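Have a look at the structure below before the remarks.
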Amino acid sequence: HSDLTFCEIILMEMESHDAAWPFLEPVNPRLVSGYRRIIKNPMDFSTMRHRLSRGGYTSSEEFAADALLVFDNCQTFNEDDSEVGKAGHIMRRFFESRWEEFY
Ligand SMILES: CCc1c(-c2csc(CCCN)n2)[nH]c(C)c1C(C)=O
């Protein structure tokens with residue numbers, strides 16, 4: 001629980017980031033046609049927050065994998081020059097920068 005505090009900090013910094021707006025909650029299939037058809041494993045920051053809050057991450061590596069899944073999904077579905085596409089690249093580098101401050 002307490003040993004993952006730094007992942008909690010990274011998640012908060014991600015949630016508070018200017019480019020985080022597409023990723024705060026799960027993508028709504030009634031708003032994005034066929035999204036979950038194309039993306040088998042959706043992921044978002046609120047889902048990660050709830051998993052951290054219940055102690056559902058057995059390692060920091062599992063948390064990092066969910067973070068990358070947010071950005072891999074975004075790059076799979078969104079054009080690179082779209083608003084969400086741009087935000088995903090910005091956020092991926094932000095996450096990578098924070099991760100390499102510990103690893
Ligand atoms: C463009 C739709 C989209 C949003 C989006 C657009 S507007 C918004 C804010 C909702 C309220 N916080 N999210 N996000 C993601 C990851 C999307 C896709 C297709 O991948």
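Every chain in the structure tokens has a letter given in the order shown (A, B, ...), and although residue numbers restart at 1 in each chain, ligands are simply numbered from 1 in the order shown.
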For this session: May I ask you to write as a ChimeraX atom specification all residues lying at most 9 Å from ligand 1, with only C-alpha atoms and all ligand atoms counted?
Result: /A:21-28,31-33,35,42-44,70-71,73-78,82-85,88
Writer output for current selection, C-alpha atoms, as a PDB file, in the first residue's frame:
ATOM      1  CA  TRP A  21      -8.129  15.939 -20.244  1.00  0.00           C
ATOM      2  CA  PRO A  22      -8.857  13.054 -22.704  1.00  0.00           C
ATOM      3  CA  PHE A  23      -7.694  10.430 -20.220  1.00  0.00           C
ATOM      4  CA  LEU A  24      -9.414  11.226 -16.927  1.00  0.00           C
ATOM      5  CA  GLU A  25     -12.423   8.898 -17.370  1.00  0.00           C
ATOM      6  CA  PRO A  26     -13.248   5.881 -19.566  1.00  0.00           C
ATOM      7  CA  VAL A  27     -14.106   6.625 -23.173  1.00  0.00           C
ATOM      8  CA  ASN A  28     -17.868   6.602 -23.627  1.00  0.00           C
ATOM      9  CA  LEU A  31     -19.946   9.164 -27.763  1.00  0.00           C
ATOM     10  CA  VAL A  32     -17.206   7.368 -29.739  1.00  0.00           C
ATOM     11  CA  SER A  33     -18.626   4.900 -32.228  1.00  0.00           C
ATOM     12  CA  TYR A  35     -14.351   2.562 -29.661  1.00  0.00           C
ATOM     13  CA  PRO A  42      -9.546   0.435 -22.603  1.00  0.00           C
ATOM     14  CA  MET A  43      -7.747   2.241 -19.807  1.00  0.00           C
ATOM     15  CA  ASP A  44      -7.939   5.648 -18.153  1.00  0.00           C
ATOM     16  CA  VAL A  70      -3.691   4.610 -22.026  1.00  0.00           C
ATOM     17  CA  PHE A  71      -1.212   6.001 -24.551  1.00  0.00           C
ATOM     18  CA  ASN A  73      -4.845   2.959 -27.019  1.00  0.00           C
ATOM     19  CA  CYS A  74      -4.816   6.676 -27.839  1.00  0.00           C
ATOM     20  CA  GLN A  75      -2.246   6.231 -30.617  1.00  0.00           C
ATOM     21  CA  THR A  76      -4.226   3.248 -31.976  1.00  0.00           C
ATOM     22  CA  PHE A  77      -7.477   5.211 -32.251  1.00  0.00           C
ATOM     23  CA  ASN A  78      -6.508   8.874 -32.712  1.00  0.00           C
ATOM     24  CA  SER A  82      -5.743  15.411 -33.651  1.00  0.00           C
ATOM     25  CA  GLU A  83      -6.331  17.155 -30.324  1.00  0.00           C
ATOM     26  CA  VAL A  84      -6.485  13.882 -28.379  1.00  0.00           C
ATOM     27  CA  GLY A  85      -3.655  12.402 -30.448  1.00  0.00           C
ATOM     28  CA  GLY A  88      -1.450  11.342 -25.793  1.00  0.00           C
TER      29      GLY A  88
END
For this session: Skip residue 12 in chain A itself and residues of its chain fewer than 4 positions away, then list as a ChimeraX atom specification all residues within 12 Å of it, counting only C-alpha atoms.
Result: /A:5-8,16-17,20,24,45-46,48-49,52,95,98
For this session: Using CA of residue 41 in chain A and CA of residue 4 in chain A as the two end points, give the distance in Å to one decimal.
Result: 23.3 Å
